[PDB]
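Under UniProt numbering, the first residue of the first sequence is numbered 486, with each subsequent residue one higher.
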Amino acid sequence: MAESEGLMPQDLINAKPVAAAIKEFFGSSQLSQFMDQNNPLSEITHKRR
DNA sequence: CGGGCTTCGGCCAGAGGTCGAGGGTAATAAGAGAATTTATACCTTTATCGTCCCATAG
């Protein structure tokens, strides 16, 4: 319902949901987990998992 | 030929080792302003309870 003159593209889009989704996936997903750094081989076998 | 009567098929419930150990992540937006109640603060009024003088019973 907003007008082209009444609203600007920067004021229409809310970027909060995409940032929240990216943060949630990168911090709380099952596949996101702390790297095994006790061995250099542990890192390689974790990233190739 | 309707009717008990057995049987079968679809649907839902419940239950799935224990004890560790470590790590991480956990949840937001109206202002105004009017109104009503409530905790506060000062003050007076009555009773209460600590307190002692006094007459007396032995």
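No residue lacks a Cβ here, since even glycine has one placed at the ideal position from N, Cα and C.
Out of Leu-526, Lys-532, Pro-525, state which residue places its alpha-carbon closest to the alpha-carbon of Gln-518.
Against the first sequence, residue 518 aligns to sequence position 33. Per the Cα distances, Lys-532.
Pick helix, strand or coil for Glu-488, following the three-state DSSP scheme.
Here residue 488 corresponds to residue number 3 of the first sequence, with the count starting at 1. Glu-488: coil per DSSP, three-state reduction.
List the endpoints of the continuous alpha helix (DSSP H) containing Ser-527.
For the purposes of this step, residue 527 is taken as the residue at position 42 of the first sequence. Note, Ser-527: alpha helix (DSSP H), 525-532.
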